[PDB]
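Undergrad:
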Amino acid sequence: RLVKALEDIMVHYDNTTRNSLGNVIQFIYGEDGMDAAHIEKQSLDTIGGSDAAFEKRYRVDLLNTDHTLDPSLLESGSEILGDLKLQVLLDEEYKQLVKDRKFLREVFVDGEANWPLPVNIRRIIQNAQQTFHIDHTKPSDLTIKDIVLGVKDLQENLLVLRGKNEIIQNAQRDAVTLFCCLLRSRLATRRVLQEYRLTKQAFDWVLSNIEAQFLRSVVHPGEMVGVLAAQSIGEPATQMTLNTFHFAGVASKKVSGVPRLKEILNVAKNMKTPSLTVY
Amino acid sequence: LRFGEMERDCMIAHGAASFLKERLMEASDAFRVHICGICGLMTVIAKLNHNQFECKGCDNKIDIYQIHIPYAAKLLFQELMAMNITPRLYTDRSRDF
Amino acid sequence: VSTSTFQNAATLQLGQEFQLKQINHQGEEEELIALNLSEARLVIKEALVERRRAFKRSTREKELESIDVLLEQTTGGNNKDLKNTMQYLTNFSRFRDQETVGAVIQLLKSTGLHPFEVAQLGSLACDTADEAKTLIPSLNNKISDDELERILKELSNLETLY
Amino acid sequence: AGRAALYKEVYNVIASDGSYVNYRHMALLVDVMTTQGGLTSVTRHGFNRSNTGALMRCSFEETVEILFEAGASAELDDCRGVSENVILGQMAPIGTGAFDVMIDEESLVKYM
Amino acid sequence: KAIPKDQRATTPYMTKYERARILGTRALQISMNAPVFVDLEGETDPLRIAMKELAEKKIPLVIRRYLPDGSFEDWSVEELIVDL
Amino acid sequence: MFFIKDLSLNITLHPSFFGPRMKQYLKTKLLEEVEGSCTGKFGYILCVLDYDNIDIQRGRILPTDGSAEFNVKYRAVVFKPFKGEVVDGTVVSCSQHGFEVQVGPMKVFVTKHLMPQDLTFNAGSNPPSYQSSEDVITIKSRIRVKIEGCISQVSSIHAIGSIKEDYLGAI
Amino acid sequence: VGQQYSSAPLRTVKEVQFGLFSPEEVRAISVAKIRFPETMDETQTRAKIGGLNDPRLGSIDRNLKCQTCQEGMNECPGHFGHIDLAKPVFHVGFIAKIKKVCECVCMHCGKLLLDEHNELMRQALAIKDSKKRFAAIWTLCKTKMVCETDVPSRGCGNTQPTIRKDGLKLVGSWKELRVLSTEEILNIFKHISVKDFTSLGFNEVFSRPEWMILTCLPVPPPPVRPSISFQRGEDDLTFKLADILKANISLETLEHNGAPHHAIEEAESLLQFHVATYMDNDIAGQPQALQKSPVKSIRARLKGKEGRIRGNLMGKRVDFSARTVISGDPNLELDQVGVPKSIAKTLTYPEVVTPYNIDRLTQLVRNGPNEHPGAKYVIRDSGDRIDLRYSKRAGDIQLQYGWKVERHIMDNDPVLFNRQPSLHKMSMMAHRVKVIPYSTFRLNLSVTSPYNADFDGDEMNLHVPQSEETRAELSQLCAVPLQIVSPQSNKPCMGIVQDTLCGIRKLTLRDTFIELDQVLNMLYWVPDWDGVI
DNA sequence: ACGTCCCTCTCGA
RNA sequence: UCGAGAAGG
Ligand SMILES: [Zn+2]
Ligand SMILES: [Zn+2]
Ligand SMILES: [Zn+2]
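Protein chains in written order, with the deposited numbering: chain A, 840 to 1094, 1096 to 1119; chain B, 1128 to 1224; chain C, 3 to 9, 23 to 73, 118 to 221; chain D, 1343 to 1454; chain E, 72 to 155; chain F, 1 to 171; chain G, 2 to 153, 163 to 165, 167 to 186, 198 to 252, 256 to 318, 321 to 560.
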């Protein structure tokens, strides 16, 4: 029943997900426009933790003596302490990082940080250190405005939908939001120098690799997500209901499941175990 | 061996369209029917080793087309016709949309 | 595969294809292309001279044989029709020269009569307007018998010294 | 709002055995049911009544029945569906059939 | 009959289905004594020859991507990006 | 008459042709089919006009077949007769029932009934001819005929004419 | 050779326009009138009969050409005939909608019961839909049992009955009960206004309501109702058509010579029934016609699960296919499958004779169909098949380009491999061929879980392409290495299992050590070993 | 009014 | 060549 109801649906050449009639089901497949194989459970370090540890890890204050970057973490360190025209960009960065933490706490209200997202950043900075042999005793050769500006310019090129009018541009802005919030979380200025110990070449190589692996992770117009989605729950249901352990009474309500799959699909107003969860 | 509905779906998910046609047309069925440009149904007399095409009823010797479809579909359309249903096969579109 | 396009009596009641308003090859309502025997003989000749020049990149009833050898070069001998056509055209053309033909077209195409009438009037030599309107039936009231004979006499002088 | 509760119920039965399925597949089926105005069932009456092609709808549950209303109400088939080309032995607009391949004569002389 | 080559929305990257059909089409064609534009390095298989044509980007093919409404965006093999 | 029509036609090429004189063999195969061809719609398609500026358009590659189809666009000189037009021609045949007339690529036949009453016939003539009071229709004379009716015979549209009405016959 | 060549231009179907047959169009396309309910029974001898089966329909015998298109069995599609019915007759699948139209039109004048003045009807006729408009009219018209004279004109204004069916025909009651005959409703439907029936839910040229009542029935050609040789034996649908003509040819002589009211009304409901069970033999009431047994109606021919659509068009039994018991192999590579020698010598792929393989193909052709690297047939450019297994010229046969060599499938060929559950697209992948002995499909150990296959008697399907395009299709899209990371769960679906998994734990311990002699053997067992100790 | 998927064999008019 | 039964993953 599933497969016969979804086969029509596929990703068309403008990233719309339509049937034979041309009726739109999804404006970007998976609400982000990404192929399912290229996605791995990543960690958003900006949502979880105390606000106190948040400053320790992301805040950089050039207008300070304790909360500034030590000139041992990078070359332009003493010539950068108190740089007013640069600390404005440090504030612009940390103002976006705080917007992220509140924005993520809106979507994932329970405090969950591990979610599937394309491009494994933790592996890229791992291979960067392993490739360029980064010395955690000598300082980095990056300016403050190399990192934050290179990250901002990287987001402009992480493309899902190409278009002209603001309709597409504003929906494209939405399609990347999460991955950008993780990108900002993993390429904060403090992180890049204090614990990543990156160099200029290594950090450019990381940006170039993030741009490429992302452009690969995008769906390919022609993917038969219709039958693919139907199959994706088909094989599990053929398993499932592997009977084990007893407990009746409520019987854990719809623990249905295999007849709820029946119940859910044909809807049917007569429910087998209705239950109001009043908070 | 049966290449059934279950197996059809996996090729669809794979996107192997050209193969799915081959596995369903060159590996079975396939037929060279002659259909009328007027009524899209298989009335044309195909006197081809004499070169003479015609469709009596809607008399025409000029608007005839060759189409490659499974013989099980030719059978199906002829079966629907014996039930008084006309499944007209047209070699062009009009809906657009 | 047979010929496609884009879209019966001499009483202006021509075919559905051969109606006055017909589509240009680019796509505009253009008038139909009717051409008399002289207007024809020349158009085929100039298109066959064009073809001889492209394959390179790699007086009196005696032009009959010079056109006959051109047809043996430009097109295959598998076309007895174009051979029979050019023989008929050069033997039945009223005007041999490009200038005289164009001048004929000037006189004919100002009256605003149907293209097929234009073609059939440059092909058939008539004297009396009663003779003209009878061989081409579609006229009758379209042109004054004096005005028609005014054209006929103008056209008779414009005839090539055959 | 009903859309989210629909996904919530189907996520609960799949994750009842750990399993896990990527959001996109379930949200596809959920949106498919949703994007109509209301809840459309996944049976012979719920989605098969759609204005799609006759030849792909008869291949589900109600076969000869639909083909009879097709001749009666004088339907016309778009053929843009999957199961239509299958019945017709035609290369479907699926994946490798979602485009057409041409040759540029300019390129043919460009590459000697 | 509608599209311009400067107003292009579809992704500049070649899809896996585009590559798979282009390769098969060229391989099928080479198998039918078609002229090979690439320099042949001693290959008996037309699929490898088609892959060599794709590597040197010497395939005269051009994709016509049909959008849902009926529009079509022409992309030559030459200009499509092959990452994948 | 004689007309110039904006026709079109679709040719299919085998993949072995895809390279050099591609544009040329398509032009060549277009002539090989449409030249001297006769259809019931347009009549004698005689000469393909302006060989140089001939459109080719792109060629769609077939599905499981490697061939490619091209919608070729062209302009041509056509000749479709009509019931009522008067045409002049040269006599060709001469039989007991009448005589044929070569009007261009097409043969029109006149019946002894479709000739006036003063027209007699002389079979014992060298060459056989149709005599009359003052005129004689020899085996190769030039005659003005009115086409009375046309019939489409495969690839040769034939006709039947008259010279009985006024202003027809002599030259 | 397959099928001959026809000059007709080839295209593809792009619109399938469903309509209804007009009994004039049936009479126009039909070859001859089917009048005798006999097959070859002229005198049961060599020929058929000019009445049914090949009275210009299509050949019945193998060594005989068609009476119309003299082309014979393969390539001859079969041509339709017809039976002129002695009296009009309802249709089975339309008997419901035929009733529903009378519940809307005037049974005297033919106009709509509620035209273009009543408010709710005009909200309904404005619905420019399809059967959704037909549903609104039928409900808002069935109630009114009269017409109108004007009301601020529209005709007449007679009374309408309460019409409900009785298995086969319709009856309506005025207030007096009266049976509504087929011929009666036929006249009512033909008088329905051109604007009325179109706005009802029909079509001016494709589906007129008067064509739901059959006046002339199309006789299908022999292909859909064949003849078996058990000195023959026809099909059930051939039997059913003889029954229809038998009920018809009676009703003709009844209504001509005789004139009994009960007898003519008798054999009419019989013909009404034989035309009914011919299409569907599973009706509401109805005895469900049996012939010396039930009978397979045309609806049962098209019914799901099998019946053309589900079993012959959405799924096909196919050539170039294999199936055998599967066994496991740790020394085989992941993306390849072990194919028995027997299967490779049976399955073939047709390679176009090209200057690349010509020397390799000539070697294979002259090898033979029983030697492993060989070929079974070679197909000339002349479109004829040369059986290398029997032909006299098989030993020499000089090859030419543009020919085809149906050569045995050999090592590292793309094939399709399939387990029978077939639920995920990971249950059907492409494998390299590695021709092996013994009668089992020997596949790799780790591509176990994606197929869900063990080796306790498991059996698996193998399919092999035939074109170079669909080889690329399998190798570039459906290959096993591509499928390693599944989209269904964003994680890989293949892994190290059983002995490889138990041993990799027993090996990766600090307690585990290996000495010089055995270390060297392990290193050489690695295919991509750098040669460095 | 639907009521999984393919396989191998053997019995009856 | 249609209907009934047994059996494998
Ligand atoms: Zn027709
Ligand atoms: Zn036949
Ligand atoms: Zn009335």
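Think of the CB as a built atom: it goes at the ideal place given N, C-alpha and C, for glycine as much as any other residue.
Just verifying my parser: in three-state terms, what is the DSSP assignment at A/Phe893?
TA: Counting from one through the first sequence, the residue named residue 893 of chain A turns up at place 54. DSSP places A/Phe893 in helix when its eight states are reduced to three.
Undergrad: Who's in the neighbourhood of ligand 3, going by beta-carbon under 5 Å from any heavy atom, listed in chain order?
TA: Chain-ordered list of matching residues: G/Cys107, G/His109, G/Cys110, G/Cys148, G/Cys167.
Undergrad: Does any heavy atom of ligand 1 sit closer than 7 Å to the C-beta of G/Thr69?
TA: Mapped onto the seventh sequence, residue 69 of chain G falls at position 68. No, Cβ of G/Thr69 sits at least 7 Å from all heavy atoms of ligand 1.
Undergrad: Would a check of beta-carbon distances place A/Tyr1035 closer than 8 Å to chain D?
TA: On the first sequence, residue 1035 of chain A is found 196 positions in, with the first residue counted as 1. So, not an interface residue.
Undergrad: CB-CB under 6 Å to D/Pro1435, same chain, minus the five flanking residues each way: which ones, in chain order?
TA: What you label residue 1435 of chain D is simply residue 93 of the fourth sequence in a count that begins at 1. Here the set comprises nothing.
Undergrad: Let me have the residue list for ligand 1: C-beta closer than 5 Å to any non-hydrogen atom, ordered along the chain.
TA: The set, ordered by position in the chain, is B/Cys1163, B/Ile1165, B/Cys1166, B/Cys1182, B/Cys1185.
Undergrad: For a cutoff of 8 Å on Cβ pairs, would you count F/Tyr51 as touching chain C?
TA: Within the sixth sequence, residue 51 of chain F is the residue found at index 51, counting from 1. Closer than 8 Å: yes.
Undergrad: Starting from B/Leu1203, follow the alpha helix (DSSP H) in both directions and report where the run begins and ends.
TA: For the purposes of this step, residue 1203 of chain B is taken as residue 76 along the second sequence, with counting starting at 1. Unbroken alpha helix (DSSP H) run through B/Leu1203: 1198-1208.
Undergrad: Please list the residues of the stretch 1140-1151 of chain B that have a C-beta atom closer than 8 Å to any C-beta atom in chain F, keeping them in chain order.
TA: Result list: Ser1145, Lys1148, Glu1149.
Undergrad: For G/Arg134 and G/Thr140, I'd like the C-alpha separation in whole angstroms.
TA: Working through the seventh sequence from its first residue, we reach residue 134 of chain G at position 133. Working through the seventh sequence from its first residue, we reach residue 140 of chain G at position 139. Rounded to whole angstroms, G/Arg134 to G/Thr140 spans 10 Å at the Cα level.
Undergrad: Quick one: which chain F residues come within Cβ less than 9 Å of E/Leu99?
TA: As a first step, residue 99 of chain E must be located in the fifth sequence, where it is residue number 28. Residues of chain F passing the Cβ test: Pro15, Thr64, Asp65, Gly66.
Undergrad: Ligand 2 and G/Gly82: does the residue's C-beta get closer than 7 Å to at least one heavy atom of that ligand?
TA: Here residue 82 of chain G is taken as the residue at index 81 of the seventh sequence, counted from 1. No, Cβ of G/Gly82 sits at least 7 Å from all heavy atoms of ligand 2.
Undergrad: In its own chain, which residues sit with a C-beta less than 6 Å from the C-beta of G/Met487, not counting the 5 before and 5 after it?
TA: Mapped onto the seventh sequence, residue 487 of chain G falls at position 460. Cβ neighbours of G/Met487 beyond the five flanking positions: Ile353, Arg446, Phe468.
Undergrad: Run down chain C in chain order and give the residues with a C-beta less than 9 Å from the C-beta of F/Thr39.
TA: The residue you call residue 39 of chain F lines up with position 39 of the sixth sequence. Going along chain C in sequence order, the residues near F/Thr39 (Cβ under 9 Å) are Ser4, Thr5.
Undergrad: Take G/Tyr428 as the anchor and find which of G/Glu398, G/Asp483, G/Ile385, G/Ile336 has the nearest alpha-carbon.
TA: Here the question's residue 428 of chain G lines up with position 401 in the seventh sequence. Nearest option by C-alpha distance: G/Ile385.
Undergrad: Compute the Euclidean distance between the alpha carbons of B/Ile1162 and B/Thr1170, then round it to the nearest angstrom.
TA: Translated into positions along the second sequence, residue 1162 of chain B becomes position 35. Translated into positions along the second sequence, residue 1170 of chain B becomes position 43. Taking the straight line from one Cα to the other gives about 6 Å.
Undergrad: Given 7 Å as the limit, tell me if G/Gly59 has its C-beta closer than that to any heavy atom belonging to ligand 2.
TA: The residue labelled residue 59 of chain G in the question sits at position 58 within the seventh sequence. Result yes, Cβ under 7 Å from ligand 2.
Undergrad: Give me the chain D residues within the contact set of F/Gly43, using Cβ-Cβ distance strictly less than 9 Å, ordered along the chain.
TA: Sequence index remark: in the sixth sequence, residue 43 of chain F carries index 43 (1-based). Residues of chain D passing the Cβ test: none, with the nearest at roughly 32 Å.
Undergrad: Quick check on DSSP: helix, strand or coil for F/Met115?
TA: In the sixth sequence, the residue the question calls residue 115 of chain F occupies position 115. Correct three-state label for F/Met115: coil.
Undergrad: Tell me the DSSP bridge mates of G/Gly20?
TA: Along the seventh sequence, one-based indexing puts residue 20 of chain G at 19. In DSSP, G/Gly20 forms a bridge with B/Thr1213.
Undergrad: Quick check on the DSSP output: the alpha helix (DSSP H) that includes G/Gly82 runs from which residue to which?
TA: Locating residue 82 of chain G in the seventh sequence gives position 81, counting from the first residue. Not the alpha helix (DSSP H): G/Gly82 falls in the beta strand (DSSP E), residues 82-90.
Undergrad: Determine, using beta carbons only, whether G/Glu277 and G/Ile289 come nearer to each other than 8 Å.
TA: Taking the first residue of the seventh sequence as 1, we reach residue 277 of chain G at position 252. Taking the first residue of the seventh sequence as 1, we reach residue 289 of chain G at position 264. No, they are not a contact pair.
Undergrad: Sorry if obvious, but does the Cβ on D/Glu1411 come closer than 7 Å to a heavy atom of ligand 2?
TA: Position 69 of the fourth sequence, counting from 1, holds the residue named residue 1411 of chain D. No, the beta carbon of D/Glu1411 sits no closer than 7 Å to any heavy atom of ligand 2.
Undergrad: Terminal residues of the continuous beta strand (DSSP E) containing A/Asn953?
TA: As a working note, residue 953 of chain A is residue 114 in the first sequence. Segment 953-957, the beta strand (DSSP E) holding A/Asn953.
Undergrad: Answer with yes or no whether the minimum CB distance from D/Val1424 to chain F is below 8 Å.
TA: Counting from one through the fourth sequence, the residue named residue 1424 of chain D turns up at place 82. No - not a single Cβ of chain F is within 8 Å of the one on D/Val1424.
Undergrad: How would you call G/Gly183, buried or exposed, if buried means at least 16 neighbouring beta carbons within 10 angstroms?
TA: Within the seventh sequence, numbered from 1, the residue matching residue 183 of chain G stands at position 172. That one is buried.
Undergrad: On the DSSP bridge assignment, give the partners of G/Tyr376 in chain order.
TA: Your numbering for residue 376 of chain G matches position 349 in the seventh sequence. Answer is G/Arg434, bridged to G/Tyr376.
Undergrad: Three or more C-beta pairs under 8 Å: does that hold for the stretch 1188-1199 of chain B against the stretch 1150-1161 of chain B?
TA: Contact holds: three or more Cβ-Cβ distances are below 8 Å.
Undergrad: Show which residues of chain F have a CB atom less than 7 Å away from the CB atom of G/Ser494.
TA: Within the seventh sequence, residue 494 of chain G is the residue found at index 467, counting from 1. Correct list: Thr64.
Undergrad: With a threshold of 8 Å on Cβ separation, who are the neighbours of C/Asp205 within its own chain once the five nearest residues in sequence on each side are excluded?
TA: Stepping through the third sequence from its first residue, residue 205 of chain C is reached at position 146. The residues are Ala188.
Undergrad: On a Cα-Cα basis, can you pick out the residue from A/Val948, A/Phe1042, A/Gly1002 that is closest to A/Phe971?
TA: Position 132 of the first sequence, counting from 1, holds the residue named residue 971 of chain A. For the residues A/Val948, A/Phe1042, A/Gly1002, the minimum Cα distance to A/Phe971 belongs to A/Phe1042.
Undergrad: Using 8 Å as the threshold, is the C-beta distance between E/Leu132 and E/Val153 below it?
TA: Within the fifth sequence, numbered from 1, the residue matching residue 132 of chain E stands at position 61. Within the fifth sequence, numbered from 1, the residue matching residue 153 of chain E stands at position 82. No, they are not a contact pair.
Undergrad: Based on the DSSP output, what are the partners of A/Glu870 in its beta bridges?
TA: Taking the first sequence and counting its residues from 1, the one referred to as residue 870 of chain A is at position 31. Answer is none; A/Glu870 lacks a bridge partner.
Undergrad: What does the alpha-carbon distance come out to for the pair F/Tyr130 and C/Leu166?
TA: As a working note, residue 130 of chain F is residue 130 in the sixth sequence. As a working note, residue 166 of chain C is residue 107 in the third sequence. Taking the straight line from one Cα to the other gives about 39 Å.
Undergrad: Does G/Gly223 come out as helix, strand or coil in the three-state DSSP assignment?
TA: Counting from one through the seventh sequence, the residue named residue 223 of chain G turns up at place 201. Note: G/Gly223 maps to helix in three-state DSSP.
Undergrad: The beta strand (DSSP E) that contains G/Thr475, what's its start and end?
TA: Translated into positions along the seventh sequence, residue 475 of chain G becomes position 448. No beta strand (DSSP E) holds G/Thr475; the alpha helix (DSSP H) holding it covers 475-478.
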